[PDB]
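Student: Here it is, the structure in full.
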Amino acid sequence: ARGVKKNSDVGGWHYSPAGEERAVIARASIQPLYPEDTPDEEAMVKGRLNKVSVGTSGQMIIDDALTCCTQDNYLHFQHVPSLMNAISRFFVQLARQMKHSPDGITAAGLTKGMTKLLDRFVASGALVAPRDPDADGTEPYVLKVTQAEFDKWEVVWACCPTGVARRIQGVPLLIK
Amino acid sequence: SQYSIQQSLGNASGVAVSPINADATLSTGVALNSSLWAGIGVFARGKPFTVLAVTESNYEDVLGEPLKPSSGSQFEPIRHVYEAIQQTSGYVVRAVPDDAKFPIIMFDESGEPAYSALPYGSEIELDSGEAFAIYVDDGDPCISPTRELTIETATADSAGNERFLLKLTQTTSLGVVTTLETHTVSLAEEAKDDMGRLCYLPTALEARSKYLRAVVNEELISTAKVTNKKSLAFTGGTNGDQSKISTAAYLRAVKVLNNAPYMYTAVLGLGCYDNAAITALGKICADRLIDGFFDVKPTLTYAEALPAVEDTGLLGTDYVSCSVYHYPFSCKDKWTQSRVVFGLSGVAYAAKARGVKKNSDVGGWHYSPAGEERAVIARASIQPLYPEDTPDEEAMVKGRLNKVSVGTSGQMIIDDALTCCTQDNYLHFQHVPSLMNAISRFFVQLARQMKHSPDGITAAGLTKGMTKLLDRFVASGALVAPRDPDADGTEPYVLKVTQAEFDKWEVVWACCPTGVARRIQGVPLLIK
Amino acid sequence: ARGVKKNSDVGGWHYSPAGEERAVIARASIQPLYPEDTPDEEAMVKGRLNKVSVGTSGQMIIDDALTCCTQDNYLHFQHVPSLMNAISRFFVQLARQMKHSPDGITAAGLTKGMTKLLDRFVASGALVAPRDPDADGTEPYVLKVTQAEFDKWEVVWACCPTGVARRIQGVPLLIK
């Protein structure tokens, strides 16, 4: 909730619930239950289980953004499904606005509304240019609206999410 | 604990530091891409007989660690590359002896590894058994450091195809283990990763990986299986002896360099001293309208240096854009802190690249690679080889051989701009052929832009484009008014475009170059 | 197809499929197969085999417009047979429009239609005045329509194509 309030137009859904800034436990005098036992990071991550760590001020934080997806594609992070669901919900609202209308104005209105919404999301930093330029082009979003029969309008849109910068690996070395 | 800091990153979200290393150095830089150099050479690592790309950041990785002066005389090209890498990118091509071999690991149907090695060039074939084999292609012998292969099973796909994660790790001599990169591969013909990318072993390795390649038999792959293996290390990789290389290898490397489809406006000797290789390079630079910066063996004394240039075969009226340098001095190496001797192509190209970056529209090609401002040697504690011997300025100039001198700050410089033209006209200087070649290249670009067009617009377009290009060059100071006013008029450039037949448009242009102010003669006198 | 879409009335058939403007290969990271081997331009053109070259932006192009005619007349270029075939196809359409009709209106209709089509083509720049004035006159097209019998109308037309400006020869020289 603290992350979603940074933006005002559509809300900062692309933020992850982690880090010093937002997720702070800060209850009181935290003490572990079983000191002898030790965790296992790799096996725990294999089981899709988020862990807690310690921040700068001594107040523990929530240092993970793992969802419950077993597949190892992009939507196994936390913010990507949230972004996709936010876009889907806004599209559902817009479609509900344009229901039960006579033919002639549905196609153009649907196209312009979808384009406006995708542009609004792009301006918020949620969507970035594709990391693979030659195959995916250089368009953050792609839109296509088609009609099937007397009814059954079909709308398909594609987009690219943003990175998280989860893991960082330093390496000091003496210059002597 | 939540306060602990691991050593090597796995898959969990965390920040880790590595153990404090001592025997490693780093360098940073941003490429400029104003004029790209190229040239053959001999190094460790790198794919042989294929043009690479070298910048100021990855030159320590793609081109391998520096060689050793003790191990023969194969340490020249890396020093030359480092000298000229601090100005722009590069397109070096590596050549290896015939006895150089690369490691290969081959697997049976049951999954039993079988170490082996093979020489370069020859393709890899599989016998009746031994379903698939995986081999390195970077060319590193994997002896220092060592690279190990680790295979672990993973989850199957929707179609039921088996998939196993493949991990390549590098082990240092001390004992520290570093993971290079891992990917999920499968032996099935049509296995697809969950994100849509392919997972067939040859395609997967040849698509995203950068270190290994694999070949798969097309008859045993259907029933082939794998197992779990730990620390499969390559053995038998060895590049042979780099000191002795046949001229045929150099010729093949030069021929490969000639066909590389990239812009490069200068070819460097890069320590190549064979006469045939230098002649082939000279043929190269006179075909693409560029300028070479070759040299001769620094160990030669002043007496026999002059016949060497004629022995090269560069001298004449055809290889007009090249240049030859000599440097019989011993410096202190930057890496091993030893007394080593190497050539002078790198500094000459560095001076040329620094000169060409002054202007921005068309580049300052009309600057000569000399003087305090641009060409500075500045390696370390320069000391001559043979103090007793003395040069001869006039005879050496007669042989078209550039010399070095001392500067104001005690750092030696390159005090010449002599090309390899025997005729005594204006184009025997260095900057005049460079200017002419730059104008010719720009005209070639403009003409290629105006090809295969219907009649009516060719003449006017050609005339206006040529005129605007010549005007742009005049505004840069490259061209000046003629020194002979009554005979040549007072127009820095003259242009004429004509049509011959259905085809064969002909364009002729004339121009006047600028002076250099090479020689200066002072004369004091007492007024008493 | 890029060339034929410039003009709109009859289409720019007189453009050659070459040059920086239209023909750009531009796939990805092009690398040669056999670096050691080198081509032979003269033998290759003798064999009627178009070649590829490199453009200004680093993207290779199609730098040839050679057809498969062994004879060394004008029909061994690419755009001339295309122009002639376009004119022939349009004439075929015109003739099919003027079929199975009673006498008295065939000759005038055929003549006026053929002349209008040739005028439309010369106005597009496809046809130019003859390069040799004294022998060929100064008419870009010549037309003659004749009747043979109860049937078998015969129509003959002549025209002159345009140049391509394929080869260009520069020659710098120092004015000292």
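Each chain in the structure tokens gets a letter, A, B, ..., in the order shown, and its residues are numbered from 1; ligands are numbered from 1 in order too.
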Please superimpose chain A upon chain C, fitting all C-alpha atoms matched one to one in order, and report the result as a PDB file with C-alpha atoms, in the first residue's frame.

Tutor:
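Output below, filename out-v6.pdb:
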```pdb
ATOM      1  CA  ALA A   1       7.134  -3.493 -54.473  1.00  0.00           C
ATOM      2  CA  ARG A   2       8.500  -0.411 -52.720  1.00  0.00           C
ATOM      3  CA  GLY A   3       9.545   0.952 -56.106  1.00  0.00           C
ATOM      4  CA  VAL A   4       6.206   0.300 -57.797  1.00  0.00           C
ATOM      5  CA  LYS A   5       4.295   2.279 -55.141  1.00  0.00           C
ATOM      6  CA  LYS A   6       5.979   5.644 -55.800  1.00  0.00           C
ATOM      7  CA  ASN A   7       3.665   6.423 -58.714  1.00  0.00           C
ATOM      8  CA  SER A   8      -0.102   6.018 -58.468  1.00  0.00           C
ATOM      9  CA  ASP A   9      -1.573   6.263 -61.981  1.00  0.00           C
ATOM     10  CA  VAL A  10       0.230   3.337 -63.638  1.00  0.00           C
ATOM     11  CA  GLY A  11       2.867   2.502 -61.022  1.00  0.00           C
ATOM     12  CA  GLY A  12       6.587   3.173 -61.107  1.00  0.00           C
ATOM     13  CA  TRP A  13       7.657   0.069 -63.000  1.00  0.00           C
ATOM     14  CA  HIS A  14      10.732   1.831 -64.415  1.00  0.00           C
ATOM     15  CA  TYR A  15      12.554   1.751 -61.063  1.00  0.00           C
ATOM     16  CA  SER A  16      15.227  -0.814 -60.509  1.00  0.00           C
ATOM     17  CA  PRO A  17      15.398  -3.046 -57.405  1.00  0.00           C
ATOM     18  CA  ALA A  18      18.673  -1.629 -56.111  1.00  0.00           C
ATOM     19  CA  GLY A  19      20.263   1.168 -54.123  1.00  0.00           C
ATOM     20  CA  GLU A  20      20.143   2.371 -50.540  1.00  0.00           C
ATOM     21  CA  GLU A  21      16.630   3.785 -50.827  1.00  0.00           C
ATOM     22  CA  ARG A  22      14.665   0.613 -51.604  1.00  0.00           C
ATOM     23  CA  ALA A  23      16.681  -2.622 -51.337  1.00  0.00           C
ATOM     24  CA  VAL A  24      17.989  -3.067 -47.784  1.00  0.00           C
ATOM     25  CA  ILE A  25      18.815  -6.512 -46.391  1.00  0.00           C
ATOM     26  CA  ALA A  26      18.966  -5.552 -42.696  1.00  0.00           C
ATOM     27  CA  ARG A  27      18.363  -8.889 -41.023  1.00  0.00           C
ATOM     28  CA  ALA A  28      20.916  -9.223 -38.194  1.00  0.00           C
ATOM     29  CA  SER A  29      24.693  -9.359 -37.596  1.00  0.00           C
ATOM     30  CA  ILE A  30      25.563 -10.511 -41.107  1.00  0.00           C
ATOM     31  CA  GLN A  31      28.678 -12.705 -41.242  1.00  0.00           C
ATOM     32  CA  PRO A  32      30.170 -14.420 -44.310  1.00  0.00           C
ATOM     33  CA  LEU A  33      30.362 -18.183 -44.695  1.00  0.00           C
ATOM     34  CA  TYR A  34      33.806 -18.692 -46.287  1.00  0.00           C
ATOM     35  CA  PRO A  35      36.012 -15.652 -45.580  1.00  0.00           C
ATOM     36  CA  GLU A  36      38.963 -17.030 -47.554  1.00  0.00           C
ATOM     37  CA  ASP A  37      37.162 -17.214 -50.899  1.00  0.00           C
ATOM     38  CA  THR A  38      36.898 -14.087 -53.051  1.00  0.00           C
ATOM     39  CA  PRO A  39      34.483 -13.365 -55.916  1.00  0.00           C
ATOM     40  CA  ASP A  40      35.157 -12.378 -59.542  1.00  0.00           C
ATOM     41  CA  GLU A  41      33.014  -9.486 -60.757  1.00  0.00           C
ATOM     42  CA  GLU A  42      33.586  -9.799 -64.506  1.00  0.00           C
ATOM     43  CA  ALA A  43      33.057 -13.561 -64.776  1.00  0.00           C
ATOM     44  CA  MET A  44      30.059 -13.370 -62.438  1.00  0.00           C
ATOM     45  CA  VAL A  45      28.469 -10.650 -64.576  1.00  0.00           C
ATOM     46  CA  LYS A  46      29.186 -12.804 -67.633  1.00  0.00           C
ATOM     47  CA  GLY A  47      27.044 -15.488 -65.983  1.00  0.00           C
ATOM     48  CA  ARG A  48      24.138 -13.086 -65.317  1.00  0.00           C
ATOM     49  CA  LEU A  49      24.320 -13.256 -61.522  1.00  0.00           C
ATOM     50  CA  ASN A  50      23.462 -10.312 -59.284  1.00  0.00           C
ATOM     51  CA  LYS A  51      25.702  -9.412 -56.350  1.00  0.00           C
ATOM     52  CA  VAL A  52      25.264  -7.704 -52.994  1.00  0.00           C
ATOM     53  CA  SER A  53      27.274  -4.800 -51.605  1.00  0.00           C
ATOM     54  CA  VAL A  54      27.385  -2.611 -48.494  1.00  0.00           C
ATOM     55  CA  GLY A  55      25.567   0.695 -48.136  1.00  0.00           C
ATOM     56  CA  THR A  56      26.157   3.801 -46.066  1.00  0.00           C
ATOM     57  CA  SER A  57      24.607   2.615 -42.787  1.00  0.00           C
ATOM     58  CA  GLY A  58      26.374  -0.759 -42.721  1.00  0.00           C
ATOM     59  CA  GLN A  59      23.294  -2.641 -43.957  1.00  0.00           C
ATOM     60  CA  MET A  60      23.997  -4.589 -47.128  1.00  0.00           C
ATOM     61  CA  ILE A  61      21.971  -3.941 -50.279  1.00  0.00           C
ATOM     62  CA  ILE A  62      21.247  -5.458 -53.696  1.00  0.00           C
ATOM     63  CA  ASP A  63      23.604  -3.650 -56.079  1.00  0.00           C
ATOM     64  CA  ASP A  64      22.524  -5.137 -59.439  1.00  0.00           C
ATOM     65  CA  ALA A  65      19.663  -5.089 -61.932  1.00  0.00           C
ATOM     66  CA  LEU A  66      20.722  -7.899 -64.279  1.00  0.00           C
ATOM     67  CA  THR A  67      18.179 -10.195 -65.937  1.00  0.00           C
ATOM     68  CA  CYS A  68      18.792 -13.599 -67.569  1.00  0.00           C
ATOM     69  CA  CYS A  69      19.274 -12.408 -71.165  1.00  0.00           C
ATOM     70  CA  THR A  70      22.490 -13.520 -72.860  1.00  0.00           C
ATOM     71  CA  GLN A  71      22.230 -10.951 -75.660  1.00  0.00           C
ATOM     72  CA  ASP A  72      23.899  -7.615 -74.916  1.00  0.00           C
ATOM     73  CA  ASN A  73      21.079  -5.328 -76.073  1.00  0.00           C
ATOM     74  CA  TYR A  74      19.008  -2.995 -73.902  1.00  0.00           C
ATOM     75  CA  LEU A  75      16.575  -5.567 -72.497  1.00  0.00           C
ATOM     76  CA  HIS A  76      19.360  -7.314 -70.578  1.00  0.00           C
ATOM     77  CA  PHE A  77      18.794  -4.786 -67.789  1.00  0.00           C
ATOM     78  CA  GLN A  78      16.008  -5.356 -65.277  1.00  0.00           C
ATOM     79  CA  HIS A  79      13.639  -2.401 -65.596  1.00  0.00           C
ATOM     80  CA  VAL A  80      13.342  -2.394 -69.412  1.00  0.00           C
ATOM     81  CA  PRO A  81      11.545  -5.775 -69.690  1.00  0.00           C
ATOM     82  CA  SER A  82       9.385  -4.811 -66.706  1.00  0.00           C
ATOM     83  CA  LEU A  83       8.358  -1.589 -68.457  1.00  0.00           C
ATOM     84  CA  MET A  84       7.642  -3.424 -71.705  1.00  0.00           C
ATOM     85  CA  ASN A  85       5.605  -6.082 -69.898  1.00  0.00           C
ATOM     86  CA  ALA A  86       3.589  -3.456 -68.018  1.00  0.00           C
ATOM     87  CA  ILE A  87       2.757  -1.690 -71.279  1.00  0.00           C
ATOM     88  CA  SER A  88       1.844  -5.024 -72.877  1.00  0.00           C
ATOM     89  CA  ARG A  89      -0.431  -5.974 -69.973  1.00  0.00           C
ATOM     90  CA  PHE A  90      -2.235  -2.633 -70.078  1.00  0.00           C
ATOM     91  CA  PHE A  91      -2.680  -2.982 -73.839  1.00  0.00           C
ATOM     92  CA  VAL A  92      -4.084  -6.479 -73.292  1.00  0.00           C
ATOM     93  CA  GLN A  93      -6.617  -5.096 -70.815  1.00  0.00           C
ATOM     94  CA  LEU A  94      -7.639  -2.332 -73.217  1.00  0.00           C
ATOM     95  CA  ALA A  95      -7.995  -4.783 -76.112  1.00  0.00           C
ATOM     96  CA  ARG A  96     -10.087  -7.116 -73.953  1.00  0.00           C
ATOM     97  CA  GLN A  97     -12.344  -4.129 -73.292  1.00  0.00           C
ATOM     98  CA  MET A  98     -12.881  -3.599 -77.039  1.00  0.00           C
ATOM     99  CA  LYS A  99     -13.590  -7.179 -78.148  1.00  0.00           C
ATOM    100  CA  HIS A 100     -16.603  -8.507 -80.062  1.00  0.00           C
ATOM    101  CA  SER A 101     -17.810  -5.167 -81.391  1.00  0.00           C
ATOM    102  CA  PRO A 102     -19.408  -4.315 -84.750  1.00  0.00           C
ATOM    103  CA  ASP A 103     -17.307  -2.568 -87.364  1.00  0.00           C
ATOM    104  CA  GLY A 104     -17.026   1.225 -87.428  1.00  0.00           C
ATOM    105  CA  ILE A 105     -15.873   2.025 -83.886  1.00  0.00           C
ATOM    106  CA  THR A 106     -12.961  -0.376 -83.326  1.00  0.00           C
ATOM    107  CA  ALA A 107     -10.236   1.504 -85.210  1.00  0.00           C
ATOM    108  CA  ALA A 108     -10.769   4.973 -83.736  1.00  0.00           C
ATOM    109  CA  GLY A 109     -11.296   3.647 -80.221  1.00  0.00           C
ATOM    110  CA  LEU A 110      -8.201   1.450 -80.384  1.00  0.00           C
ATOM    111  CA  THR A 111      -6.095   4.340 -81.674  1.00  0.00           C
ATOM    112  CA  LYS A 112      -7.298   6.817 -79.054  1.00  0.00           C
ATOM    113  CA  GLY A 113      -6.942   4.333 -76.195  1.00  0.00           C
ATOM    114  CA  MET A 114      -3.430   3.301 -77.208  1.00  0.00           C
ATOM    115  CA  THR A 115      -2.386   6.942 -77.590  1.00  0.00           C
ATOM    116  CA  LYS A 116      -3.855   7.844 -74.195  1.00  0.00           C
ATOM    117  CA  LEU A 117      -2.063   4.950 -72.496  1.00  0.00           C
ATOM    118  CA  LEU A 118       1.279   5.781 -74.115  1.00  0.00           C
ATOM    119  CA  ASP A 119       0.882   9.439 -73.132  1.00  0.00           C
ATOM    120  CA  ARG A 120       0.105   8.413 -69.551  1.00  0.00           C
ATOM    121  CA  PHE A 121       3.273   6.320 -69.466  1.00  0.00           C
ATOM    122  CA  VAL A 122       5.325   9.159 -70.977  1.00  0.00           C
ATOM    123  CA  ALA A 123       4.088  11.596 -68.328  1.00  0.00           C
ATOM    124  CA  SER A 124       5.383   9.207 -65.643  1.00  0.00           C
ATOM    125  CA  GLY A 125       8.987   9.562 -66.830  1.00  0.00           C
ATOM    126  CA  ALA A 126       9.243   5.959 -68.027  1.00  0.00           C
ATOM    127  CA  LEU A 127       9.768   6.933 -71.677  1.00  0.00           C
ATOM    128  CA  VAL A 128      12.168   9.669 -72.782  1.00  0.00           C
ATOM    129  CA  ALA A 129      13.130  11.256 -76.077  1.00  0.00           C
ATOM    130  CA  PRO A 130      15.405   9.055 -78.217  1.00  0.00           C
ATOM    131  CA  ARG A 131      19.139   9.399 -77.675  1.00  0.00           C
ATOM    132  CA  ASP A 132      19.606   9.225 -81.468  1.00  0.00           C
ATOM    133  CA  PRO A 133      17.661  12.219 -82.832  1.00  0.00           C
ATOM    134  CA  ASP A 134      18.283  12.186 -86.586  1.00  0.00           C
ATOM    135  CA  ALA A 135      17.572   8.488 -87.147  1.00  0.00           C
ATOM    136  CA  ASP A 136      14.687   7.909 -84.708  1.00  0.00           C
ATOM    137  CA  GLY A 137      13.131  11.361 -84.869  1.00  0.00           C
ATOM    138  CA  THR A 138      12.068  13.095 -81.668  1.00  0.00           C
ATOM    139  CA  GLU A 139       8.904  11.189 -80.725  1.00  0.00           C
ATOM    140  CA  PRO A 140       9.064   9.044 -77.560  1.00  0.00           C
ATOM    141  CA  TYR A 141       6.446   6.654 -78.971  1.00  0.00           C
ATOM    142  CA  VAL A 142       5.178   5.636 -82.410  1.00  0.00           C
ATOM    143  CA  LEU A 143       1.800   4.020 -83.056  1.00  0.00           C
ATOM    144  CA  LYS A 144       0.178   2.256 -86.002  1.00  0.00           C
ATOM    145  CA  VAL A 145      -3.093   0.306 -86.173  1.00  0.00           C
ATOM    146  CA  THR A 146      -4.089  -1.756 -89.207  1.00  0.00           C
ATOM    147  CA  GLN A 147      -6.820  -4.192 -90.222  1.00  0.00           C
ATOM    148  CA  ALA A 148      -6.015  -7.427 -92.053  1.00  0.00           C
ATOM    149  CA  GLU A 149      -9.277  -9.261 -92.854  1.00  0.00           C
ATOM    150  CA  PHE A 150     -12.814  -9.791 -91.521  1.00  0.00           C
ATOM    151  CA  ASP A 151     -10.880 -10.267 -88.266  1.00  0.00           C
ATOM    152  CA  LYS A 152      -7.222 -10.091 -87.169  1.00  0.00           C
ATOM    153  CA  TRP A 153      -6.751  -6.461 -86.204  1.00  0.00           C
ATOM    154  CA  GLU A 154      -3.045  -5.702 -85.813  1.00  0.00           C
ATOM    155  CA  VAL A 155      -1.547  -3.027 -83.554  1.00  0.00           C
ATOM    156  CA  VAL A 156       2.159  -2.150 -83.426  1.00  0.00           C
ATOM    157  CA  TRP A 157       3.781   0.392 -81.112  1.00  0.00           C
ATOM    158  CA  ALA A 158       7.357   1.485 -80.455  1.00  0.00           C
ATOM    159  CA  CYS A 159       8.937   3.300 -77.523  1.00  0.00           C
ATOM    160  CA  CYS A 160      12.265   4.227 -75.946  1.00  0.00           C
ATOM    161  CA  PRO A 161      13.234   3.302 -72.365  1.00  0.00           C
ATOM    162  CA  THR A 162      15.219   5.349 -69.839  1.00  0.00           C
ATOM    163  CA  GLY A 163      18.754   5.070 -68.509  1.00  0.00           C
ATOM    164  CA  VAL A 164      19.811   3.593 -65.189  1.00  0.00           C
ATOM    165  CA  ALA A 165      23.129   5.299 -64.385  1.00  0.00           C
ATOM    166  CA  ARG A 166      24.703   2.053 -63.200  1.00  0.00           C
ATOM    167  CA  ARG A 167      28.458   2.648 -63.425  1.00  0.00           C
ATOM    168  CA  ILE A 168      30.195   5.786 -62.152  1.00  0.00           C
ATOM    169  CA  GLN A 169      33.922   6.457 -62.557  1.00  0.00           C
ATOM    170  CA  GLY A 170      35.538   9.189 -60.497  1.00  0.00           C
ATOM    171  CA  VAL A 171      39.039  10.554 -61.015  1.00  0.00           C
ATOM    172  CA  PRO A 172      40.704  12.899 -58.502  1.00  0.00           C
ATOM    173  CA  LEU A 173      43.786  14.901 -59.386  1.00  0.00           C
ATOM    174  CA  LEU A 174      45.989  17.284 -57.415  1.00  0.00           C
ATOM    175  CA  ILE A 175      46.035  20.908 -58.574  1.00  0.00           C
ATOM    176  CA  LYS A 176      49.184  21.694 -56.488  1.00  0.00           C
TER     177      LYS A 176
END
```

Student: Going by DSSP on the backbone, which bits of range 41-113 of chain C are strand (DSSP E or B)? Write them as a short mmCIF file (atom, residue, chain, number, x, y, z; two decimals) with C-alpha atoms, in the first residue's frame, please.

Tutor:
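The resulting file, part-v2.cif, is reproduced below:
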```
data_model
loop_
_atom_site.label_atom_id
_atom_site.label_comp_id
_atom_site.auth_asym_id
_atom_site.auth_seq_id
_atom_site.Cartn_x
_atom_site.Cartn_y
_atom_site.Cartn_z
CA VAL C 52 25.22 -7.72 -53.16
CA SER C 53 27.18 -4.84 -51.67
CA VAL C 54 27.21 -2.57 -48.61
CA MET C 60 24.06 -4.63 -47.05
CA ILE C 61 21.98 -4.02 -50.18
CA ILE C 62 21.27 -5.42 -53.65
CA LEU C 66 20.74 -7.89 -64.20
CA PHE C 77 18.80 -4.74 -67.82
#
```

Student: Hey, what's within 12 Å of residue 228 in chain B if we count only C-alpha atoms and toss same-chain stuff fewer than 4 positions away? As a PyMOL selection string, please?

Tutor: chain B and resi 110-113+149-154+163-167+232

Student: Could you please determine the separation between CA of residue 271 in chain B and CA of residue 81 in chain B in Å, to one decimal place?

Tutor: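 So the answer is 9.7 Å.
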
Student: Just need the residues of chain B within 8 Å of chain C, counting only C-alpha atoms, so spit them out as a VMD selection string.

Tutor: chain B and resid 252 255 to 256 259 to 262 426 436 440 445 447 to 455 458 482 to 483 488 502 to 513

Student: Among range 4-57 of chain C, which residues does DSSP mark as helix (DSSP H, G or I) when it is run on the backbone? Keep the chain and numbering as in the structure and answer as a ChimeraX atom specification.

Tutor: /C:19-22,41-46

Student: Selected residues, N, CA and C atoms, written as a short mmCIF file (atom, residue, chain, number, x, y, z; two decimals), in the first residue's frame, please.

Tutor:
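That gives us part.cif:
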```
data_model
loop_
_atom_site.label_atom_id
_atom_site.label_comp_id
_atom_site.auth_asym_id
_atom_site.auth_seq_id
_atom_site.Cartn_x
_atom_site.Cartn_y
_atom_site.Cartn_z
N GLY C 19 19.91 -0.09 -54.94
CA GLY C 19 20.19 1.19 -54.31
C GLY C 19 19.95 1.18 -52.81
N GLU C 20 20.43 2.25 -52.17
CA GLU C 20 20.26 2.40 -50.73
C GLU C 20 18.81 2.62 -50.35
N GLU C 21 18.05 3.31 -51.21
CA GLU C 21 16.72 3.76 -50.82
C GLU C 21 15.77 2.59 -50.60
N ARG C 22 15.72 1.65 -51.55
CA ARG C 22 14.68 0.62 -51.56
C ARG C 22 15.18 -0.72 -51.04
N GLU C 41 34.13 -10.32 -60.23
CA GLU C 41 33.03 -9.51 -60.73
C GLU C 41 32.75 -9.76 -62.21
N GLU C 42 33.79 -9.73 -63.04
CA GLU C 42 33.58 -9.82 -64.48
C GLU C 42 33.02 -11.18 -64.88
N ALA C 43 33.59 -12.26 -64.34
CA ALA C 43 33.06 -13.58 -64.64
C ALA C 43 31.63 -13.72 -64.14
N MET C 44 31.33 -13.12 -62.98
CA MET C 44 30.00 -13.23 -62.41
C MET C 44 28.96 -12.50 -63.26
N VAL C 45 29.27 -11.29 -63.73
CA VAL C 45 28.32 -10.60 -64.59
C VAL C 45 28.20 -11.31 -65.93
N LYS C 46 29.30 -11.90 -66.41
CA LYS C 46 29.23 -12.72 -67.62
C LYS C 46 28.23 -13.86 -67.46
#
```

Student: CA of residue 300 in chain B and CA of residue 388 in chain B are how many Å apart?

Tutor: 14.0 Å

Student: When distances are computed from only C-alpha atoms, which of B:160, B:307, B:355, B:139 shows the smallest separation from residue 401 in chain B?

Tutor: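 Distance minimum relative to residue 401 in chain B lands on B:307.
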
Student: Measure the distance from CA of residue 428 in chain B to CA of residue 480 in chain B in Å and round it to one decimal.

Tutor: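 Atom-to-atom, CA of residue 428 in chain B and CA of residue 480 in chain B are spaced 18.5 Å apart.
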
Student: Excluding residue 461 in chain B and its own-chain neighbours fewer than 4 positions away, which residues fall within 10 Å of it when counting only C-alpha atoms? Please give them as a PDB file with N, CA and C atoms, in the first residue's frame.

Tutor:
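What follows is the written file result32.pdb:
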```pdb
ATOM      1  N   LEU B 446      28.675   9.098 -51.333  1.00  0.00           N
ATOM      2  CA  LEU B 446      27.651   9.908 -51.984  1.00  0.00           C
ATOM      3  C   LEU B 446      27.183   9.266 -53.284  1.00  0.00           C
ATOM      4  N   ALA B 447      28.114   8.723 -54.070  1.00  0.00           N
ATOM      5  CA  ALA B 447      27.742   8.069 -55.319  1.00  0.00           C
ATOM      6  C   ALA B 447      26.915   6.818 -55.063  1.00  0.00           C
ATOM      7  N   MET B 450      23.468   7.543 -54.653  1.00  0.00           N
ATOM      8  CA  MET B 450      22.812   8.017 -55.868  1.00  0.00           C
ATOM      9  C   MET B 450      23.073   7.033 -57.006  1.00  0.00           C
ATOM     10  N   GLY B 456      17.483  12.285 -65.448  1.00  0.00           N
ATOM     11  CA  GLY B 456      16.881  13.582 -65.196  1.00  0.00           C
ATOM     12  C   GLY B 456      17.347  14.229 -63.906  1.00  0.00           C
ATOM     13  N   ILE B 457      17.589  13.428 -62.872  1.00  0.00           N
ATOM     14  CA  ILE B 457      17.982  13.947 -61.567  1.00  0.00           C
ATOM     15  C   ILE B 457      19.404  13.576 -61.183  1.00  0.00           C
ATOM     16  N   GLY B 465      25.812  17.695 -54.650  1.00  0.00           N
ATOM     17  CA  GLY B 465      26.414  16.956 -53.552  1.00  0.00           C
ATOM     18  C   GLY B 465      27.923  17.090 -53.523  1.00  0.00           C
ATOM     19  N   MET B 466      28.564  16.938 -54.684  1.00  0.00           N
ATOM     20  CA  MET B 466      30.011  17.092 -54.756  1.00  0.00           C
ATOM     21  C   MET B 466      30.439  18.497 -54.355  1.00  0.00           C
ATOM     22  N   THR B 467      29.717  19.515 -54.832  1.00  0.00           N
ATOM     23  CA  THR B 467      30.066  20.889 -54.488  1.00  0.00           C
ATOM     24  C   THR B 467      29.929  21.132 -52.992  1.00  0.00           C
TER      25      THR B 467
END
```

Student: List the neighbours of residue 371 in chain B out to 7 Å using only C-alpha atoms; skip same-chain residues closer than 3 positions along the sequence, and give me the result as a PyMOL selection string.

Tutor: chain B and resi 374-375+413-415
